[PDB]
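Breakdown of the fold
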Amino acid sequence: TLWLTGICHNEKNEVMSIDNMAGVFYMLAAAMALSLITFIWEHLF
Amino acid sequence: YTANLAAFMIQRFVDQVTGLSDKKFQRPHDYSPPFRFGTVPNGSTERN
Amino acid sequence: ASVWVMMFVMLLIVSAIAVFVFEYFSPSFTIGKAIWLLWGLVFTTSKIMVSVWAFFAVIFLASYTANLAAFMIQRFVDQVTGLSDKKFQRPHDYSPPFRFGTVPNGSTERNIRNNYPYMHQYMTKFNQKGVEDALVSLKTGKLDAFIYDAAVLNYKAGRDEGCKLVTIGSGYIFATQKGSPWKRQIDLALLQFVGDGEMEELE
Amino acid sequence: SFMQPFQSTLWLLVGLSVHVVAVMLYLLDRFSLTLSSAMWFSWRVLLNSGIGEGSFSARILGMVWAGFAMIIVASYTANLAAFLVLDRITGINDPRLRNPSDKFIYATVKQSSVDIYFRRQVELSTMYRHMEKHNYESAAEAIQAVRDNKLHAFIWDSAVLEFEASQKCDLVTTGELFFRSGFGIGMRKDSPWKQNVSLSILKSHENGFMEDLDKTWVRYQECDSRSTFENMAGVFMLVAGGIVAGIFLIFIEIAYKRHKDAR
Amino acid sequence: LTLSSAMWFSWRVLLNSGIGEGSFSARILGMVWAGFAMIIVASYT
């Protein structure tokens, strides 16, 4: 108690502070592929 | 789910180096830039 | 206050711009449709431009959601100020009449006899024998609050279960052997202890 | 408060995504409206001025983009709540005073009782090279030292500091009452009038003459508690300049396109 | 407009399914009620 503590003893959950999570970078890879699902079905019947 | 996503991205803390298990120490020139670690000479951890 | 007048000014500006833009769709009523669309978007060439201002209005909605989250979270209130209230002084002039007792033959009772004997005419209807009497009459609501040596109330106030039992204010204290040679010894010793803070260690 | 804190590259990504929405809503029209329609549908749905209606798979993708728009609005309003609602010298127990630094120098006035309370205790040993080498002649010099931001904190008697904190917006009395003593009277030992004066002191405590000086000199003043903004004023400036530039381009573009149509 | 119209306008604006259009002072009061609805949504969220 005399000698140790500085500021890391009072660490306060250093999260992020804007954000760049992955998210939509997955989702866009679905969405255009959805057109690749659909617009090959040219109804030539 | 605004309240839920407020619970997610506030309640992230992360780190990079695990320790000697990393090849950061073991293969520093196999990662660019090469890694930068020094010690005080003639120490105990240097003997280790 | 001043944000309101800014809103009036900006709505007048956008309404006049809408008047001229309807004047140049002439190559359906700014008296009608444009106003109620401004109302709907706070809460066709320039219509995308006004939907941009609707997006701004949503941003102002979000900013005052954050503001009202700052208001109603960052209320704490109290009821009794103290002897200045007529709660103590005129208890039967408020229904229900007020409920305060003391331990008899005390110092604060001498102080209120010096202050108000009529207050004692009320208090002697409610006097006690112990401090656990006060604990029960607060936790069962039999007596409203208490006037004592407020230090004992400061000990056992935090020692309550749940501590909804609020004492007098935030520490607002009211009532603010002869010839022994020990007196110099005791008082210089107490100067040493207060100068060393061992009373704070007992605290 | 500020301008946009949200990583302006991300705002550029938002604008490019709006143009991607425009490209998707015009190129998929031809599978069964290609001039100025889907621009205003993109500014209808992406501004959320209209979320509703106006082949199948293109509109499936469009309402997926509307889902993106709602999620982005939810995330940015969550950030507006976060970065406005989310996240000092407390006393001798601080390492700023247990290990006193030169970025944190503190002082008093020499020949005072406050310096006596410093010099009595033992654990203030590192403090004496600040509290005896930097001192003043008046407490108003320490007040100005706060006001000139010379020294960060000061240690004085409680009442005057609480008064001056209730006067102006530079002062907060922090920490407990350090060295809890009483305020007495300078009386010689052979003075026979310690007696009835202290009886009058007992009368002052018992009959509230202490509380009378609390009314007549102590309890008068307060300050505010920070309870039409800089973000708002930035919105006024940006929206005003945007409306001026937009209107003065309306005339040019509509004039050239009306004379295109006159051809 | 006195049979079943303003019921569905109340469930259009107060549910915020449609905030927009559909004499003067009654509609001024109605958009004041829409302001109330938006403030109540903001407070509950």
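Residues numbered from 1 in each chain as written, not as in the entry; some residues may be left out. Chains lettered and ligands numbered in written order. Part of a larger assembly, values for the part shown. Heavy atoms only, no water. Residues with missing side-chain atoms left out of burial classes, pairs and counts.

Method of determination for the deposited model, per the PDB record: cryo-EM, at 5.1 Å resolution.

In the annotation of the PDB entry, chain C is listed under the name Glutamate receptor ionotropic, NMDA 2A and assigned to Homo sapiens.

The PDB entry annotates chain A as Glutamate receptor ionotropic, NMDA 2A of Homo sapiens.

Examining the overall build of chain C
For clarity, the cut-off: In this description a helix means any DSSP run of H or I spanning at least four residues, a strand means any run of E spanning at least two, and both kinds are numbered starting from the N terminus. Throughout, the radius of gyration refers to the C-alpha atoms, and the reference size of a globule is 2.2 Å times the residue count to the power 0.38.
Secondary structure assignment for chain C yields ten helices and zero strands. For chain C, the succession of helices and strands along the chain, N to C, is α-α-α-α-α-α-α-α-α-α. Taking 2.2 N^0.38 as the reference for a compact globule, 203 residues should give roughly 17 Å; the C-alpha atoms of chain C span a radius of gyration of 33 Å, well beyond that estimate.

Some details on empty space enclosed by the protein
Rules: Cavity: a set of points on a 1 Å grid over the protein atoms alone where a 1.4 Å probe fits but cannot get out. Pocket: an open set with protein on both sides within 12 Å along at least five of seven lines, its lining residues, like those of a cavity, having an atom within 4 Å of a point. Grid points are joined across faces, edges and corners, and a volume is the space filled by probe spheres set on the points. Ten residue types, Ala, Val, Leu, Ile, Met, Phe, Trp, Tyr, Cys and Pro, are classed as nonpolar, four, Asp, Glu, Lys and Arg, as charged, and the remainder, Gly among them, as polar.
As a volume, the largest cavity reaches approximately 50 Å³. Considering the residues around the largest cavity, the lining is formed by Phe88, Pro91, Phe98, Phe100, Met119, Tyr122, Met123 and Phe126 of chain C. By residue number, the principal contributor to the lining of the largest cavity is helix α6 (residues 117-123) of chain C, which donates three residues. Residues of the lining of the largest cavity, tallied by class, amount to eight nonpolar, no polar and no charged. Here the second largest cavity defines a volume of roughly 30 Å³. Forming the boundary of the second largest cavity are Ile92, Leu97, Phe118, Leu124, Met127 and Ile155 of chain D. Each residue belonging to the lining of the second largest cavity can be placed in one class, and the counts come to six nonpolar, no polar and no charged.

A short note on unusual backbone geometry
Here the amide bond leading from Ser32 of chain B into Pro33 of chain B is cis, since omega sits at 0°, within 30 degrees of zero. Within the secondary structure, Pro33 of chain B sits in the loop between α2 (23-26) and α3 (44-47). The omega torsion of the bond from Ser95 of chain C to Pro96 of chain C falls at 0°, within 30 degrees of zero and hence cis. Along the chain, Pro96 of chain C falls in the loop between α4 (86-89) and α5 (107-115). In this structure, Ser32 of chain D takes a positive phi of about 55° despite not being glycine. Assignment of secondary structure puts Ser32 of chain D in the loop between α1 (9-27) and α2 (37-45).

A word on the arrangement of the chains
Keep this limit in mind: In what follows, residue pairs with any heavy atoms lying within 4.5 Å of each other are defined as contacts.
Most contacts, among the five pairs of chains that meet, fall between chains C and D. In this structure chain B stays clear of chain E, and the shortest span between their C-alpha atoms is 8 Å.

With respect to the interface of chain D and chain C
Stated precisely, the cut-off is as follows: Simply put, the buried area is the total loss of 1.4 Å probe accessible area from both parts when two parts are fitted together. A pairing counts as a salt bridge when a side-chain nitrogen of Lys or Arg comes within 4 Å of a carboxyl oxygen of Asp or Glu. We define a polar contact as two N or O atoms separated by no more than 3.5 Å, with the added condition that, inside protein, one atom must be a possible hydrogen donor and the other a possible acceptor, whereas residues neighbouring each other in sequence contribute only through side-chain atom pairs.
Listed per partner, the contact involves 30 residues of chain D and 43 residues of chain C. By the criterion of area lost to chain C, the three top residues of chain D are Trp40, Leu47 and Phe236 of chain D, representing 19% of everything that side buries. Applying the counting rule to chain D against chain C returns zero salt bridges. Seen at the junction of chain D and chain C, the total is six residue pairs in polar contact.

Examining the pattern of salt bridges
Residue and element names in this part refer to chain D. Put simply, the test is: Exposure categories follow from relative accessible area, calculated using a 1.4 Å probe and restricted to protein chains: below 20% of the type maximum is buried, above 50% is exposed, and the middle band is partly exposed.
This structure, assessed with the given rule, holds three salt bridges over all chains. Between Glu176 and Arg180 there is a salt bridge, and its shortest N-O distance comes to 3.7 Å. Owing to a relative accessible area of 40%, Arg180 belongs among the partly exposed residues under this scheme.

Side note on a negative patch on the surface
Residues and elements named next belong to chain C. Selection criterion: Surface patches are drawn from residues lacking salt bridges whose relative accessible area is over 30%; two like charges belong together within 9 Å, two nonpolar side chains (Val, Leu, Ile, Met, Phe, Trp, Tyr) within 5 Å. Using a 1.4 Å probe, the Shrake-Rupley method yields the accessible areas, and only the shown protein chains count as cover for residues. Neither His nor the chain ends is counted toward charge; the positive residues are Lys and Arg and the negative residues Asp and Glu. Here the site of a charge means NZ on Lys, CZ on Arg, CG on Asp, or CD on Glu.
Taken together, the side chains of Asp196, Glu198, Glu200, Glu201 and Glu203 define an acidic patch exposed on the protein surface. The element contributing the most residues to the negative patch is helix α10 (residues 198-202), with three residues. Within the secondary structure, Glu198 sits in helix α10.

Quick notes on α1 of chain D
Put simply, the test is: Between the first and last residue of a helix there are one fewer steps than residues, each counted as 1.5 Å, and that sum is the expected span.
For α1 of chain D, built from 19 residues, the straight-helix expectation of 27 Å at 1.5 Å per residue is met to within 8% by its first-to-last C-alpha distance of 27 Å. Three or more residues of α1 of chain D are buried, namely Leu10, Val18, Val21, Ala22, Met24 and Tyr26 of chain D. Contact partners of the buried residues in α1 of chain D: α1 (24-38) of chain A together with α2 and α3 (56-85) of chain D.

Observations regarding helix α2 (residues 33-42) of chain C
All of the buried residues along α2 of chain C are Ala34, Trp36, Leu38, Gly40 and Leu41 of chain C. Elements in contact with the buried residues of α2 of chain C: α1 (2-23) and α3 (47-71) of chain C together with α2 (24-44) of chain E.

Some words on the environment of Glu176 of chain D
Relative to the helices and strands, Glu176 of chain D resides in the loop between α8 (158-167) and α9 (194-206). Here the alpha-carbon distance between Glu176 of chain D and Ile92 of chain D, two residues 84 residues apart in the chain, equals 9.9 Å.

Side note on the packing of α1 of chain C against α2 of chain C
Residue and element names in this part refer to chain C. Here is the rule we go by: Throughout, an axis means a line fitted to C-alpha atoms (over the contacting stretch in the case of helices), and angles, computed between N-to-C directions, take values from 0 to 180 degrees. The scheme is simple: roughly parallel for angles under 35 degrees, roughly antiparallel for over 145, roughly perpendicular for 65 to 115, oblique for anything else. Crossing handedness is read from the near helix: turned anticlockwise from the far helix by less than a right angle, it gives a left-handed crossing, and turned clockwise, a right-handed one.
Their axes nearest at 10 Å, the elements α1 and α2 cross at an angle of 135°. Between α1 and α2, the angle falls in the class oblique. α2 is crossed by α1, and the crossing has right-handed handedness. Here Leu11, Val14, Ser15, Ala18 and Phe22 of α1 come into contact with α2, specifically with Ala34, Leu38 and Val42. Partitioned by chemical class, the residues of the contact of α1 with α2 number seven nonpolar, one polar and no charged.

Looking at the packing of aromatic side chains
Worth spelling out the cut-off: The criterion for an aromatic pair is that two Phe, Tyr or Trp rings (for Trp, the six-membered ring) have centres within 6.5 Å, with stacked assigned to planes under 30 degrees apart, edge-to-face to planes over 60 apart and tilted to the rest. The criterion for a charge sitting over a ring is simple: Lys NZ or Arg CZ within 6 Å of the ring centre, and within 35 degrees of the ring normal.
Inspection of every chain in the model, using the stated rule, returns 20 aromatic pairs over all chains. Taken together, a centroid distance of 6.3 Å and an interplanar angle of 15° make the contact between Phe35 of chain B and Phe37 of chain B stacked. Residue classification places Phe35 of chain B among the partly exposed positions, given a relative accessible area of 33%. Through successive ring pairs, a cluster of aromatic residues spans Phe25, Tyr31, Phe35 and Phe37 of chain B. Positioned above the aromatic ring of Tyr117 of chain D, the side-chain terminus of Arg120 of chain D is 5.8 Å from the ring centre.

With respect to a nonpolar patch on the surface
A cluster of nonpolar side chains, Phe29 and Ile31 of chain C together with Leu14, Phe24, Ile28, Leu29, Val32, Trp33, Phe36, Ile40 and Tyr44 of chain E, forms an exposed patch at the surface whose accessible area comes to about 1300 Å². Assignment of secondary structure puts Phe29 of chain C in the loop between α1 and α2. When its relative accessible area of 55% is taken as the criterion, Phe29 of chain C is described as exposed.

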